[PDB]
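The structure file start_7.cif is reproduced below (mmCIF, N, CA, C and O atoms).
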```cif
data_model
loop_
_atom_site.group_PDB
_atom_site.id
_atom_site.type_symbol
_atom_site.label_atom_id
_atom_site.label_comp_id
_atom_site.auth_asym_id
_atom_site.auth_seq_id
_atom_site.Cartn_x
_atom_site.Cartn_y
_atom_site.Cartn_z
ATOM 1 N N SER L 1 22.585 52.167 42.335
ATOM 2 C CA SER L 1 21.116 52.272 42.044
ATOM 3 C C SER L 1 20.743 53.630 41.426
ATOM 4 O O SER L 1 19.734 53.620 40.655
ATOM 5 N N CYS L 2 21.518 54.710 41.630
ATOM 6 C CA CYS L 2 21.376 55.959 40.815
ATOM 7 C C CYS L 2 22.726 56.541 40.345
ATOM 8 O O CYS L 2 23.757 56.259 40.956
ATOM 9 N N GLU L 3 22.661 57.356 39.290
ATOM 10 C CA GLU L 3 23.766 58.154 38.702
ATOM 11 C C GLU L 3 24.021 59.395 39.547
ATOM 12 O O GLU L 3 23.159 60.262 39.693
ATOM 13 N N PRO L 4 25.201 59.476 40.194
ATOM 14 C CA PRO L 4 25.504 60.610 41.059
ATOM 15 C C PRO L 4 25.081 61.933 40.388
ATOM 16 O O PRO L 4 25.194 62.065 39.160
ATOM 17 N N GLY L 5 24.525 62.857 41.175
ATOM 18 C CA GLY L 5 24.196 64.230 40.731
ATOM 19 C C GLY L 5 23.025 64.292 39.760
ATOM 20 O O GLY L 5 22.605 65.401 39.406
ATOM 21 N N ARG L 6 22.458 63.153 39.375
ATOM 22 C CA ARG L 6 21.321 63.107 38.416
ATOM 23 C C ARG L 6 20.026 63.409 39.176
ATOM 24 O O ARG L 6 19.853 62.915 40.346
ATOM 25 N N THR L 7 19.151 64.191 38.553
ATOM 26 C CA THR L 7 17.761 64.423 39.026
ATOM 27 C C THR L 7 16.872 63.424 38.291
ATOM 28 O O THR L 7 16.970 63.337 37.070
ATOM 29 N N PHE L 8 16.089 62.629 39.004
ATOM 30 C CA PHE L 8 15.218 61.619 38.352
ATOM 31 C C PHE L 8 13.850 61.608 39.024
ATOM 32 O O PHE L 8 13.742 62.067 40.175
ATOM 33 N N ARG L 9 12.859 61.047 38.326
ATOM 34 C CA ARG L 9 11.486 60.879 38.854
ATOM 35 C C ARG L 9 11.355 59.470 39.421
ATOM 36 O O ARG L 9 11.922 58.531 38.840
ATOM 37 N N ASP L 10 10.669 59.365 40.557
ATOM 38 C CA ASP L 10 10.318 58.094 41.221
ATOM 39 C C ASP L 10 8.863 58.215 41.655
ATOM 40 O O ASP L 10 8.593 58.947 42.620
ATOM 41 N N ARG L 11 7.961 57.554 40.942
ATOM 42 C CA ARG L 11 6.527 57.915 40.966
ATOM 43 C C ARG L 11 6.425 59.304 40.326
ATOM 44 O O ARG L 11 6.983 59.515 39.226
ATOM 45 N N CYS L 12 5.793 60.231 41.036
ATOM 46 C CA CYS L 12 5.719 61.659 40.678
ATOM 47 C C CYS L 12 6.727 62.444 41.520
ATOM 48 O O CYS L 12 6.844 63.662 41.296
ATOM 49 N N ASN L 13 7.451 61.758 42.417
ATOM 50 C CA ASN L 13 8.460 62.361 43.331
ATOM 51 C C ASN L 13 9.676 62.791 42.513
ATOM 52 O O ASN L 13 9.899 62.211 41.438
ATOM 53 N N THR L 14 10.413 63.782 42.988
ATOM 54 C CA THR L 14 11.647 64.251 42.314
ATOM 55 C C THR L 14 12.824 63.990 43.250
ATOM 56 O O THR L 14 12.800 64.458 44.402
ATOM 57 N N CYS L 15 13.806 63.251 42.756
ATOM 58 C CA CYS L 15 14.965 62.791 43.551
ATOM 59 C C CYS L 15 16.256 63.282 42.896
ATOM 60 O O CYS L 15 16.350 63.272 41.665
ATOM 61 N N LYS L 16 17.200 63.715 43.726
ATOM 62 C CA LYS L 16 18.589 64.004 43.330
ATOM 63 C C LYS L 16 19.473 62.863 43.844
ATOM 64 O O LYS L 16 19.510 62.667 45.066
ATOM 65 N N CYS L 17 20.187 62.170 42.965
ATOM 66 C CA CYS L 17 21.144 61.094 43.352
ATOM 67 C C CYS L 17 22.372 61.681 44.061
ATOM 68 O O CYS L 17 22.963 62.581 43.508
ATOM 69 N N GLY L 18 22.727 61.134 45.230
ATOM 70 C CA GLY L 18 23.903 61.492 46.040
ATOM 71 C C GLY L 18 25.195 61.077 45.369
ATOM 72 O O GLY L 18 25.138 60.304 44.392
ATOM 73 N N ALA L 19 26.325 61.550 45.890
ATOM 74 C CA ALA L 19 27.652 61.447 45.239
ATOM 75 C C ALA L 19 28.054 59.980 45.067
ATOM 76 O O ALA L 19 28.743 59.670 44.114
ATOM 77 N N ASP L 20 27.606 59.102 45.958
ATOM 78 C CA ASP L 20 28.051 57.684 46.031
ATOM 79 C C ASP L 20 27.269 56.829 45.023
ATOM 80 O O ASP L 20 27.671 55.691 44.792
ATOM 81 N N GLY L 21 26.199 57.375 44.433
ATOM 82 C CA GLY L 21 25.239 56.644 43.589
ATOM 83 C C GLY L 21 24.427 55.682 44.427
ATOM 84 O O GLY L 21 23.761 54.799 43.902
ATOM 85 N N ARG L 22 24.483 55.855 45.723
ATOM 86 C CA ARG L 22 23.959 54.872 46.690
ATOM 87 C C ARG L 22 22.984 55.588 47.620
ATOM 88 O O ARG L 22 22.707 55.042 48.723
ATOM 89 N N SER L 23 22.479 56.753 47.205
ATOM 90 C CA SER L 23 21.639 57.568 48.111
ATOM 91 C C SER L 23 20.952 58.640 47.294
ATOM 92 O O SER L 23 21.403 58.892 46.158
ATOM 93 N N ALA L 24 19.874 59.203 47.851
ATOM 94 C CA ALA L 24 19.112 60.265 47.180
ATOM 95 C C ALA L 24 18.222 60.978 48.190
ATOM 96 O O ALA L 24 17.795 60.367 49.192
ATOM 97 N N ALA L 25 17.975 62.253 47.904
ATOM 98 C CA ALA L 25 17.050 63.139 48.640
ATOM 99 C C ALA L 25 15.862 63.431 47.725
ATOM 100 O O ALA L 25 16.065 63.833 46.537
ATOM 101 N N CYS L 26 14.665 63.178 48.231
ATOM 102 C CA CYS L 26 13.466 63.110 47.383
ATOM 103 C C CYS L 26 12.459 64.156 47.854
ATOM 104 O O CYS L 26 12.212 64.204 49.057
ATOM 105 N N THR L 27 11.941 64.966 46.925
ATOM 106 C CA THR L 27 10.719 65.778 47.132
ATOM 107 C C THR L 27 9.478 64.932 46.811
ATOM 108 O O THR L 27 9.324 64.517 45.663
ATOM 109 N N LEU L 28 8.622 64.724 47.812
ATOM 110 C CA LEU L 28 7.446 63.827 47.727
ATOM 111 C C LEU L 28 6.249 64.619 47.199
ATOM 112 O O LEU L 28 6.009 65.715 47.718
ATOM 113 N N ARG L 29 5.550 64.085 46.197
ATOM 114 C CA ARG L 29 4.253 64.640 45.739
ATOM 115 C C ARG L 29 3.369 63.518 45.174
ATOM 116 O O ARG L 29 3.901 62.484 44.749
ATOM 117 N N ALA L 30 2.056 63.757 45.173
ATOM 118 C CA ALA L 30 0.991 62.849 44.686
ATOM 119 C C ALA L 30 1.054 62.706 43.166
ATOM 120 O O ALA L 30 1.397 63.686 42.479
ATOM 121 N N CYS L 31 0.708 61.521 42.679
ATOM 122 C CA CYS L 31 0.460 61.217 41.246
ATOM 123 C C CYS L 31 -1.015 61.483 40.950
ATOM 124 O O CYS L 31 -1.817 61.546 41.877
ATOM 125 N N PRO L 32 -1.420 61.664 39.673
ATOM 126 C CA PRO L 32 -2.830 61.861 39.331
ATOM 127 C C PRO L 32 -3.614 60.542 39.364
ATOM 128 O O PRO L 32 -3.777 59.950 40.430
#
```

Can you dump the structure from the file as structure tokens?
Amino acid sequence: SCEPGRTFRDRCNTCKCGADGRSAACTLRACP
């Protein structure tokens, strides 16, 4: 579901894809 090590947007949130491409750590923020 994600490219390992890639930083991507999900809504206005910023996510880093985990090594397995099967996980991510997300910084949550509001959209306008």

I'd like the residues picked by the PyMOL selection byres (((chain L and resi 20 and name CA) around 9) and name CA) written out as a short mmCIF file (atom, residue, chain, number, x, y, z; two decimals) with N, CA, C and O atoms, in the frame of the given file, using the chain letters and numbers from the file.
```cif
data_model
loop_
_atom_site.label_atom_id
_atom_site.label_comp_id
_atom_site.auth_asym_id
_atom_site.auth_seq_id
_atom_site.Cartn_x
_atom_site.Cartn_y
_atom_site.Cartn_z
N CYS L 2 21.52 54.71 41.63
CA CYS L 2 21.38 55.96 40.82
C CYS L 2 22.73 56.54 40.34
O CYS L 2 23.76 56.26 40.96
N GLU L 3 22.66 57.36 39.29
CA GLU L 3 23.77 58.15 38.70
C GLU L 3 24.02 59.40 39.55
O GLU L 3 23.16 60.26 39.69
N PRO L 4 25.20 59.48 40.19
CA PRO L 4 25.50 60.61 41.06
C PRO L 4 25.08 61.93 40.39
O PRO L 4 25.19 62.06 39.16
N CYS L 17 20.19 62.17 42.96
CA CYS L 17 21.14 61.09 43.35
C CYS L 17 22.37 61.68 44.06
O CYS L 17 22.96 62.58 43.51
N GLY L 18 22.73 61.13 45.23
CA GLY L 18 23.90 61.49 46.04
C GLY L 18 25.20 61.08 45.37
O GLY L 18 25.14 60.30 44.39
N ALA L 19 26.32 61.55 45.89
CA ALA L 19 27.65 61.45 45.24
C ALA L 19 28.05 59.98 45.07
O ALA L 19 28.74 59.67 44.11
N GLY L 21 26.20 57.38 44.43
CA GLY L 21 25.24 56.64 43.59
C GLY L 21 24.43 55.68 44.43
O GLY L 21 23.76 54.80 43.90
N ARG L 22 24.48 55.86 45.72
CA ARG L 22 23.96 54.87 46.69
C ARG L 22 22.98 55.59 47.62
O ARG L 22 22.71 55.04 48.72
N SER L 23 22.48 56.75 47.20
CA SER L 23 21.64 57.57 48.11
C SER L 23 20.95 58.64 47.29
O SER L 23 21.40 58.89 46.16
#
```

Could you write out as a short mmCIF file (atom, residue, chain, number, x, y, z; two decimals) with N, CA, C and O atoms, in the frame of the given file the residues that the PyMOL selection byres ((chain L and resi 12) around 7) matches in the shown file?
```cif
data_model
loop_
_atom_site.label_atom_id
_atom_site.label_comp_id
_atom_site.auth_asym_id
_atom_site.auth_seq_id
_atom_site.Cartn_x
_atom_site.Cartn_y
_atom_site.Cartn_z
N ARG L 9 12.86 61.05 38.33
CA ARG L 9 11.49 60.88 38.85
C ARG L 9 11.36 59.47 39.42
O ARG L 9 11.92 58.53 38.84
N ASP L 10 10.67 59.36 40.56
CA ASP L 10 10.32 58.09 41.22
C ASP L 10 8.86 58.22 41.66
O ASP L 10 8.59 58.95 42.62
N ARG L 11 7.96 57.55 40.94
CA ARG L 11 6.53 57.92 40.97
C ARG L 11 6.42 59.30 40.33
O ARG L 11 6.98 59.52 39.23
N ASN L 13 7.45 61.76 42.42
CA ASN L 13 8.46 62.36 43.33
C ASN L 13 9.68 62.79 42.51
O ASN L 13 9.90 62.21 41.44
N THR L 14 10.41 63.78 42.99
CA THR L 14 11.65 64.25 42.31
C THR L 14 12.82 63.99 43.25
O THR L 14 12.80 64.46 44.40
N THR L 27 11.94 64.97 46.92
CA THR L 27 10.72 65.78 47.13
C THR L 27 9.48 64.93 46.81
O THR L 27 9.32 64.52 45.66
N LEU L 28 8.62 64.72 47.81
CA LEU L 28 7.45 63.83 47.73
C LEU L 28 6.25 64.62 47.20
O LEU L 28 6.01 65.72 47.72
N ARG L 29 5.55 64.08 46.20
CA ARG L 29 4.25 64.64 45.74
C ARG L 29 3.37 63.52 45.17
O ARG L 29 3.90 62.48 44.75
N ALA L 30 2.06 63.76 45.17
CA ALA L 30 0.99 62.85 44.69
C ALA L 30 1.05 62.71 43.17
O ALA L 30 1.40 63.69 42.48
N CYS L 31 0.71 61.52 42.68
CA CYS L 31 0.46 61.22 41.25
C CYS L 31 -1.01 61.48 40.95
O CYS L 31 -1.82 61.55 41.88
#
```

Would you list, as a ChimeraX atom specification, the residues of chain L that end up in strand (DSSP E) under DSSP run on this structure's backbone?
/L:7-10,13-17,24-27

Include N, CA, C and O atoms and write out the residues we just selected as a short mmCIF file (atom, residue, chain, number, x, y, z; two decimals), in the coordinates of the input.
```
data_model
loop_
_atom_site.label_atom_id
_atom_site.label_comp_id
_atom_site.auth_asym_id
_atom_site.auth_seq_id
_atom_site.Cartn_x
_atom_site.Cartn_y
_atom_site.Cartn_z
N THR L 7 19.15 64.19 38.55
CA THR L 7 17.76 64.42 39.03
C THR L 7 16.87 63.42 38.29
O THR L 7 16.97 63.34 37.07
N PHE L 8 16.09 62.63 39.00
CA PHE L 8 15.22 61.62 38.35
C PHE L 8 13.85 61.61 39.02
O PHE L 8 13.74 62.07 40.17
N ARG L 9 12.86 61.05 38.33
CA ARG L 9 11.49 60.88 38.85
C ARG L 9 11.36 59.47 39.42
O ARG L 9 11.92 58.53 38.84
N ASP L 10 10.67 59.36 40.56
CA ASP L 10 10.32 58.09 41.22
C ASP L 10 8.86 58.22 41.66
O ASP L 10 8.59 58.95 42.62
N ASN L 13 7.45 61.76 42.42
CA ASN L 13 8.46 62.36 43.33
C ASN L 13 9.68 62.79 42.51
O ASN L 13 9.90 62.21 41.44
N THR L 14 10.41 63.78 42.99
CA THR L 14 11.65 64.25 42.31
C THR L 14 12.82 63.99 43.25
O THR L 14 12.80 64.46 44.40
N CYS L 15 13.81 63.25 42.76
CA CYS L 15 14.96 62.79 43.55
C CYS L 15 16.26 63.28 42.90
O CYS L 15 16.35 63.27 41.66
N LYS L 16 17.20 63.72 43.73
CA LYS L 16 18.59 64.00 43.33
C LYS L 16 19.47 62.86 43.84
O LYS L 16 19.51 62.67 45.07
N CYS L 17 20.19 62.17 42.96
CA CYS L 17 21.14 61.09 43.35
C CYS L 17 22.37 61.68 44.06
O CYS L 17 22.96 62.58 43.51
N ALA L 24 19.87 59.20 47.85
CA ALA L 24 19.11 60.26 47.18
C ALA L 24 18.22 60.98 48.19
O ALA L 24 17.80 60.37 49.19
N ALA L 25 17.98 62.25 47.90
CA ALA L 25 17.05 63.14 48.64
C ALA L 25 15.86 63.43 47.72
O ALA L 25 16.07 63.83 46.54
N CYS L 26 14.66 63.18 48.23
CA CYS L 26 13.47 63.11 47.38
C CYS L 26 12.46 64.16 47.85
O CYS L 26 12.21 64.20 49.06
N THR L 27 11.94 64.97 46.92
CA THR L 27 10.72 65.78 47.13
C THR L 27 9.48 64.93 46.81
O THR L 27 9.32 64.52 45.66
#
```

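Taking atom O of residue L:25 and atom C of residue L:6 as endpoints, the distance between them is 8.4 Å.
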
Quick one: distance from atom CA of residue L:5 to atom O of residue L:32 in Å, one decimal?
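Taking atom CA of residue L:5 and atom O of residue L:32, their separation equals 28.3 Å.
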